[PDB]
Protein chains: 4
Amino acid sequence: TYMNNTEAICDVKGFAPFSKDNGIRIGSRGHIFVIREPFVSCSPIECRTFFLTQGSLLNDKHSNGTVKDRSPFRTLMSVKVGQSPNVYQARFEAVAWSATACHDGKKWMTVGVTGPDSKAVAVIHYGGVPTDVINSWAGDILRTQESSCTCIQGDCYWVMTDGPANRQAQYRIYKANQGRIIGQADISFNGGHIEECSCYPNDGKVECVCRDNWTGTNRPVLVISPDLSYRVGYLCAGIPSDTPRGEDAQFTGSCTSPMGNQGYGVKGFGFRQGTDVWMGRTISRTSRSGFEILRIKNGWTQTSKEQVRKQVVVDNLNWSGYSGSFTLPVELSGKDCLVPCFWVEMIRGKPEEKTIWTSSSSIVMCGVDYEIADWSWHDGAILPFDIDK
Amino acid sequence: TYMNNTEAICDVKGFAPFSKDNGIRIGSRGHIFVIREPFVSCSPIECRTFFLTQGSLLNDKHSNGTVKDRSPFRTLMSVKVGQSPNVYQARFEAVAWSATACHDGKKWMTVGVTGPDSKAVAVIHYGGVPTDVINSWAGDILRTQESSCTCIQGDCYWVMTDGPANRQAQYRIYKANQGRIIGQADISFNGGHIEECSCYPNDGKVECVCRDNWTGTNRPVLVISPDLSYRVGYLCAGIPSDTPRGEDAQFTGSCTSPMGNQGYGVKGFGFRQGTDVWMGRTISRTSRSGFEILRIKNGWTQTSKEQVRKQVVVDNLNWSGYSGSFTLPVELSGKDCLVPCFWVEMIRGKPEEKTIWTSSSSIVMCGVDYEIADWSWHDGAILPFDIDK
Amino acid sequence: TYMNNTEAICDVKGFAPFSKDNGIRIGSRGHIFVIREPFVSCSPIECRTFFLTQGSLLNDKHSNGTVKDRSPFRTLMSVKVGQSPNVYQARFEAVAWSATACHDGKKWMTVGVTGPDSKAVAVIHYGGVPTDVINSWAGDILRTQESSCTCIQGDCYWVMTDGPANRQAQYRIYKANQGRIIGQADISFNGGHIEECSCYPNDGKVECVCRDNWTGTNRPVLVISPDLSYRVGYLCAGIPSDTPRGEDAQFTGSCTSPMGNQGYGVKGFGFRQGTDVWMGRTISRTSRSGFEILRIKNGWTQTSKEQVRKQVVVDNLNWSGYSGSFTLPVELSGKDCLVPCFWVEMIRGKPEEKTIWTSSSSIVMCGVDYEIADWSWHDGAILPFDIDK
Amino acid sequence: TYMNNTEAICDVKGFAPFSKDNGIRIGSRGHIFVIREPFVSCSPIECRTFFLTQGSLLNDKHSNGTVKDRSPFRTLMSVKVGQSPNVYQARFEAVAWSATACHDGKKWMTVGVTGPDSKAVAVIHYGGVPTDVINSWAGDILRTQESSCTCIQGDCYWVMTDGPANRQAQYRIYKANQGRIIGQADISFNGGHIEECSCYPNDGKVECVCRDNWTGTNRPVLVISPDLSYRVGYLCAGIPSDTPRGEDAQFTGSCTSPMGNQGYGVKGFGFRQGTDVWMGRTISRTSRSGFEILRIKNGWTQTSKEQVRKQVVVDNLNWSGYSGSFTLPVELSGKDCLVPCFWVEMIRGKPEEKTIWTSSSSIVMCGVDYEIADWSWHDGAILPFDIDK
Ligand SMILES: CCC(CC)O[C@@H]1CC(C(=O)O)=C[C@H](n2cc([C@H](O)CC)nn2)[C@H]1NC(C)=O
Ligand SMILES: CCC(CC)O[C@@H]1CC(C(=O)O)=C[C@H](n2cc([C@H](O)CC)nn2)[C@H]1NC(C)=O
Ligand SMILES: CCC(CC)O[C@@H]1CC(C(=O)O)=C[C@H](n2cc([C@H](O)CC)nn2)[C@H]1NC(C)=O
Ligand SMILES: CCC(CC)O[C@@H]1CC(C(=O)O)=C[C@H](n2cc([C@H](O)CC)nn2)[C@H]1NC(C)=O
Ligand SMILES: [Ca+2]
Ligand SMILES: [Ca+2]
Ligand SMILES: [Ca+2]
Ligand SMILES: [Ca+2]
């Protein structure tokens with residue numbers, strides 16, 4: 001049975017801890033994949049952490065990170081939410097140096113991108129077998145969300161980028177059913193830049209908060225309808241939620257245009273709350289350290305800088321990184337609405353630390369009806385490791 | 001289908017060995033969590049050992065126990081009864097430095113407490129997702145049973161303490177259905193102290209035997225009804241079952257009041273037998289070594305010191321620790337009554353031994369209709385470990 | 001649904017390799033229990049290897065075999081046929097230094113014996129929980145088969161010995177349903193000795209071939225009916241199948257009496273074939289090395305020494321050990337009859353080899369309708385191991 | 001329910017990456033079998049990688065490859081497609097130094113060959129138990145496909161060779177149902193040689209592309225009907241697809257006869273496409289390095305050398321090896337036709353590299369309706385390993 005997922009995103013006053021995998025502490029002696037870009041998506045039965053592996057294990061010579069990013073060994077694999085990315089509980093998903101995955105209520109669909117940069121291929125798995133393919137349409141690093149894709153009433157949606165990472169590129173919305181592409185759309189967005197979207201369903205449409213790696217310190221936003229007609233632009237709020245970014249005082253919002261005039265970015269997320277928004281970000285304006293989440297009144301729809309709530313989850317003494325959005329299927333939460341959840345990736349090692357390797361653990365949070373006290377569920381690993389000698 | 005659990009606790013003349021995990025012997029070379037406070041609860045299909053992890057493994061540098069107690073890395077996880085707490089068979093449960101868990105017949109409900117001491121949060125998982133929340137109501141280490149909670153006819157009950165650990169604090173009884181709090185109650189108990197309850201169902205009500213960490217060497221007892229009206233007091237028997245405690249000869253029982261005038265405590269348990277009680281305790285009056293279980297005639301209801309039976313399970317040359325209560329669901333035992341079982345935690349390392357680490361293995365016992373000979377199913381590990389060099 | 005198991009044992013001309021676990025080769029680097037006395041029994045879905053563990057792993061200091069035989073850490077655990085006895089695929093069964101296990105068609109029943117020698121207890125698990133108990137009735141090492149027990153039409157049978165191991169002792173047949181003892185019987189056998197029976201169903205009765213550790217180099221045999229009325233005696237064949245034993249030429253058979261006048265023994269097995277028998281034995285008359293299986297015409301019923309077939313499975317340059325019987329449930333083989341199978345334990349280390357440890361791997365064979373060539377599927381491990389330095 | 005598998009093989013313009021196990025990179029620190037000849041076959045639910053183990057692990061002294069090829073320790077085991085051949089996720093299949101396996105829609109059937117070279121036995125497992133047997137009929141290394149066997153409408157087919165490996169031998173086609181041989185056929189092929197077939201269903205018949213290890217650099221081909229009447233010969237195409245082989249320019253095809261006049265070979269595969277063929281091969285004419293797949297128009301039926309497509313999957317700087325064919329069951333792909341897939345084995349170590357050991361990882365590809373860019377999903381392991389010191 002197909003998951004409806006037409007309900008509205010729940011309105012929430014705070015986020016409770018869902019899980020924490022401690023992969024890297026565990027990785028010190030146990031057998032754990034050196035991973036990167038983990039993310040969470042849910043079936044109507046269990047939620048899973050998906051990730052990308054080098055094929056190498058923590059504390060092993062193959063974790064030498066001279067092994068490139070988009071390498072032929074890179075794969076998408078998965079475990080259950082909370083478990084470390086260990087070999088012995090890992091499920092194979094796809095060959096991928098970039099991925100999205102989501103469940104429609106019947107089976108898991110995953111999309112893994114691999115191949116050469118100039119001519120990459122994106123393979124669609126449905127129920128654990130390839131069912132379809134997308135080739136690079138612009139010849140420049142075909143790539144996708146690295147967070148959950150979105151399924152409504154049996155059709156699954158996601159967003160991909162083919163083009164340069166630091167200037168204008170091209171963007172597309174795909175629609176598959178049972179792992180067959182059944183629709184696509186080009187996205188007009190001259191001046192604007194879209195990378196690594198974080199998406200979720202909301203009122204029978206797909207809402208995304210993405211990454212502008214060209215010029216904007218605000219996050220681009222798009223809203224997709226089942227007919228693949230779309231609206232696109234930026235998160236209106238007069239507060240920047242990208243890294244690097246400038247200061248809140250020296251920032252003017254926009255619903256239409258990049259602002260901030262800064263190059264680089266990071267994957268991040270946001271949830272519509274009526275006309276409010278929960279926007280997450282790192283605490284540092286420049287580095288991937290700390291993580292917090294602000295609620296701005298009328299933020300989804302105006303250049304508001306009115307903060308109604310602020311909750312810290314990783315303190316600014318500790319390393320953060322990527323973060324993304326997903327919902328709890330109604331079939332799991334029991335609510336009549338879609339419970340908004342997010343995960344925060346905590347990167348340890350290169351570039352900031354003196355190890356030959358890089359990986360990340362994770363923490364997962366879900367919307368609750370109460371305020372949650374600030375804390376820091378940070379990574380915990382004690383660097384460097386034996387391998388680093 | 002909801003588990004009835006309205007039947008009476010079975011009357012039993014002794015306890016048979018259920019399981020023994022040997023986690024720490026196994027941990028010498030294999031990949032085993034450094035754990036603390038394991039406990040057992042049963043679904044209508046299988047019984048599980050739940051525990052709290054540091055995220056670290058035995059014989060690994062991260063088992064350095066300078067890592068605090070209520071740490072952000074602490075999690076509740078679980079395996080099947082008898083299996084060691086190994087990474088590769090472990091199931092993630094919750095973020096927690098204090099936990100309760102129980103099954104209602106349809107799904108597992110778990111409750112994990114985490115956050116800062118002054119403002120802690122307790123997340124309720126149902127079927128593996130957070131479904132609800134309790135915030136600290138007294139701002140002083142919100143915390144709970146560390147043993148099985150109790151489910152009757154679809155609603156699950158448990159007991160939490162917010163307050164100081166060495167004087168008067170506050171105590172509450174919670175009632176959830178499908179992971180939603182649907183009732184709560186404050187517990188009047190001036191002079192009395194309640195920590196870390198061990199509970200089980202009995203005649204359609206919840207009976208607990210808990211820990212007084214303030215002044216009493218007897219165990220506080222409470223009996224909860226589905227309407228959250230309760231009775232509270234102490235185990236009547238004129239014999240003290242806490243550690244530290246005094247001697248049996250120099251002790252006068254009470255059904256209402258702490259006695260013994262000693263500060264510290266330990267988690268322990270007891271089963272009503274009509275008006276008799278099976279009370280467990282450590283063999284040493286002062287240290288967590290050895291473990292035995294006495295049956296006192298009319299002990300639940302009078303200041304009796306009449307010992308009908310005594311059974312040793314861990315000898316006084318070996319380390320014990322915490323212990324708690326659970327029942328076999330009728331659906332597993334086949335009996336028309338609720339078979340009483342308990343687990344005994346065996347702590348190795350700090351404080352009593354020269355290691356940088358602390359963990360525990362476990363042994364599980366269940367009520368039988370016969371007398372069982374005394375023996376010592378003690379831990380077995382040969383300390384210290386490689387890491388300790 | 002209960003397994004019928006009333007059909008006759010199949011008549012077979014040879015045995016095909018079922019499985020080989022290679023536990024000890026694997027154990028060299030992987031995480032494998034140091035085990036002893038593995039055996040096989042089948043559900044109507046899969047067959048499993050059960051074993052006894054020290055709780056220790058190969059190549060670990062806890063495999064130091066100064067750790068006694070009937071120790072408090074000893075447990076019965078299980079994996080699927082063919083898999084090594086590894087921690088991460090192991091299922092907990094029972095606390096035991098002696099065990100039997102069998103499946104009735106609905107659930108697994110296991111029986112584990114533990115406790116002190118003078119007053120041992122045997123716990124019956126049904127569907128993974130204790131359901132009943134047998135205490136030592138003669139106060140002298142209560143103990144059992146170490147091979148599959150036998151289930152016919154919903155009731156399961158097995159055989160236990162309480163007494164001395166080198167003279168006259170006592171013997172009993174137990175009958176349980178859904179893990180409740182529902183019948184028992186004492187076995188008159190003055191002069192005769194019964195240890196460690198190997199049993200299987202055959203024409204709606206239970207047939208066993210056991211170990212005489214008192215005086216007989218032939219194997220005692222018993223045949224049990226559902227009403228627990230029995231017949232008992234020895235395997236008639238004029239050929240000795242125990243170790244140590246004498247030579248075939250200097251041996252006179254008996255259907256009633258021990259013969260051979262030699263003390264020690266070993267667990268072994270035999271299958272009735274109409275009036276013929278497949279008897280297994282080690283190749284050496286004195287040591288547990290090599291393993292072969294002879295078919296003697298009219299061997300079950302006369303002092304025949306007529307060998308119709310001989311098949312070698314472990315060559316006499318390699319270590320053998322215990323061996324036992326089990327059948328394939330009709331629901332798995334598809335035959336209209338009960339396919340006879342056996343397993344051979346291959347012991348490595350103490351006493352014959354210079355290691356601080358002892359364990360065993362295994363090979364499993366099943367009756368086929370053809371002759372199978374002789375070969376040697378021996379253990380394979382290269383001794384000693386790192387730990388032995 | 002039986003899998004139909006009567007549909008035609010899909011016509012495909014290219015192959016997408018299915019999986020990549022990275023076993024050997026992973027094997028550097030984790031617990032991974034030293035394997036050889038992995039292959040893939042699919043149930044109507046999941047696809048699996050089957051392999052042969054020494055019983056030894058990577059980086060362990062038992063991976064010393066002086067341990068012979070057809071050894072008594074050799075076993076067939078299996079994991080899910082994409083997962084490494086790790087101990088802890090491995091399922092036992094059979095005792096085998098040569099194997100085939102396939103699923104009929106109800107259960108897995110496997111065939112493992114073991115025993116002595118002069119008198120080998122092939123055991124048939126159905127649903128995880130032996131159900132039947134084939135003894136060596138020519139007394140010279142009875143052996144089989146090392147790739148998926150083929151099931152149509154409930155009966156499973158495969159091909160075996162008994163004889164010498166470098167001259168004329170004997171060849172047979174077997175037909176089992178539910179693990180019982182129900183038909184067999186001798187194959188007249190004087191002058192021609194058949195080893196290690198790669199097979200798949202196609203239009204309700206079984207098509208194989210095999211290995212001529214006697215004289216032919218082209219691949220022998222056979223087509224089997226459910227009545228075990230067959231046609232046999234060679235892949236017509238005027239292009240050689242074996243290793244070693246000569247050059248394309250100096251080669252004349254044949255539909256009937258070996259050509260190339262070279263001794264040795266390698267396992268490889270081919271798919272009929274109407275009258276076209278997708279033939280795979282190594283890139284080197286002499287060594288097992290690189291892997292590519294050519295589509296030759298009218299190749300199945302004429303001496304065509306017309307290349308319509310060429311796709312590289314392992315570049316000629318990297319080690320390849322064996323390769324074989326399998327299909328996706330309709331129940332998984334959703335197509336109305338049989339999706340052709342293949343796997344390529346990548347051998348590391350002896351003979352070409354300075355290690356004491358030999359194993360292989362793998363990559364899996366499936367027919368898609370598009371052209372896929374060339375890339376190299378090569379092994380990745382960094383040789384030699386710790387053990388090699
Ligand atoms: C290529 C466009 C950008 C996305 C804004 O590159 C990402 C920049 C980035 C970051 O830290 O912001 C990380 C992404 N990435 C992917 C990978 C490998 O595919 C898996 C570790 N490595 N780094 C990069 N993605 C890819 C497909 O290489
Ligand atoms: C805080 C009140 C008391 C309970 C009587 O503290 C326990 C005292 C205790 C004991 O040995 O009696 C142990 C409990 N504990 C929990 C923890 C961590 O949360 C998991 C290892 N460490 N110690 C302690 N509980 C918490 C929430 O820290
Ligand atoms: C006690 C009677 C005999 C059985 C003929 O002892 C067995 C003698 C024996 C042998 O090698 O023939 C082995 C059995 N055994 C059991 C055990 C432990 O319980 C598990 C390793 N060790 N050895 C022994 N059984 C027990 C309950 O200790
Ligand atoms: C015996 C006929 C040939 C097949 C063309 O031998 C294969 C030659 C070969 C190759 O590299 O082409 C490898 C096959 N093989 C099997 C094995 C062991 O059975 C498992 C590693 N080793 N090598 C060999 N097969 C067997 C049954 O030994
Ligand atoms: Ca940016
Ligand atoms: Ca106290
Ligand atoms: Ca004897
Ligand atoms: Ca050739």
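Reckoned from all heavy atoms, side chains included, excluding hydrogens, waters and symmetry mates. Chain naming here is simple, since letters A, B, ... match the order of the sequence lines and numbering starts at 1 in each.
Heavy atoms of C/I26 lying under 4.5 Å from chain D belong to its backbone as well as its side chain. Of the two parts of D/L58, only the backbone, made up of N, CA, C and O, holds a non-hydrogen atom closer than 4.5 Å to a non-hydrogen atom of chain C. For a residue to count as touching a neighbouring chain, one of its non-hydrogen atoms must lie under 4.5 Å from one of that chain's; by this rule C/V79 does not touch chain D. Contact of D/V121 with chain C is made through the side chain alone, with heavy-atom distances under 4.5 Å. For chain C, the nearby part of D/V123 is the side chain; its heavy atoms alone come within less than 4.5 Å.
Screening residues 83-146 of chain D for disulfide (SG to SG under 2.5 Å), with sequence neighbours left out, gives D/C102-D/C149. Evaluation of the disulfide (SG to SG under 2.5 Å) test over residues 26-57 of chain D, restricted to residues two or more places apart or in two chains, returns D/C42-D/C47. Every pair passing salt bridge (charged side-chain N to carboxylate O under 4.0 Å, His left out) that includes a residue from residues 147-159 of chain D is listed here, sequence neighbours excluded: D/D155-D/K175.
For chain D, the option among C/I32, C/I372, C/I24 with the highest count of heavy-atom pairs below 4.5 Å is C/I372. Most heavy-atom pairs under 4.5 Å with chain C: of the set D/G115, D/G127, D/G55, D/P130, this distinction falls to D/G115. Here D/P116 is the residue among D/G128, D/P116, D/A120 with the most heavy-atom pairs under 4.5 Å with chain C. Taking C/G30, C/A16, C/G334 one by one and counting their heavy-atom pairs under 4.5 Å with chain D, the maximum is reached by C/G30.
Counting heavy atoms of neighbouring residues, nucleotides and ligands inside a 6.0 Å radius, atom CD1 of D/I45 does not exceed 12 of them.
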Every donor-acceptor pair from chain D to chain C under 3.5 Å, please, each on its own line.
unit_1: D/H31; atom_1: NE2; unit_2: C/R29; atom_2: O; d: 3.3
unit_1: D/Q54; atom_1: O; unit_2: C/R25; atom_2: NE; d: 3.2
unit_1: D/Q54; atom_1: O; unit_2: C/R25; atom_2: NH2; d: 3.4
unit_1: D/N59; atom_1: O; unit_2: C/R29; atom_2: NE; d: 3.4
unit_1: D/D60; atom_1: OD1; unit_2: C/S28; atom_2: OG; d: 2.8
unit_1: D/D60; atom_1: OD2; unit_2: C/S28; atom_2: OG; d: 3.3
unit_1: D/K61; atom_1: NZ; unit_2: C/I382; atom_2: O; d: 2.8
unit_1: D/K61; atom_1: NZ; unit_2: C/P384; atom_2: O; d: 3.0
unit_1: D/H62; atom_1: O; unit_2: C/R25; atom_2: NH2; d: 3.4
unit_1: D/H62; atom_1: ND1; unit_2: C/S28; atom_2: OG; d: 3.4
unit_1: D/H62; atom_1: NE2; unit_2: C/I382; atom_2: N; d: 3.0
unit_1: D/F73; atom_1: O; unit_2: C/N22; atom_2: ND2; d: 3.0
unit_1: D/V87; atom_1: O; unit_2: C/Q89; atom_2: NE2; d: 3.4
unit_1: D/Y88; atom_1: O; unit_2: C/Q89; atom_2: NE2; d: 3.3
unit_1: D/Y88; atom_1: OH; unit_2: C/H31; atom_2: N; d: 3.0
unit_1: D/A90; atom_1: O; unit_2: C/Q83; atom_2: NE2; d: 3.1
unit_1: D/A90; atom_1: O; unit_2: C/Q89; atom_2: NE2; d: 3.0
unit_1: D/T114; atom_1: OG1; unit_2: C/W377; atom_2: NE1; d: 3.0
unit_1: D/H125; atom_1: NE2; unit_2: C/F18; atom_2: O; d: 3.4
unit_1: D/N135; atom_1: ND2; unit_2: C/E371; atom_2: O; d: 2.9
unit_1: D/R180; atom_1: NH2; unit_2: C/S333; atom_2: O; d: 2.5

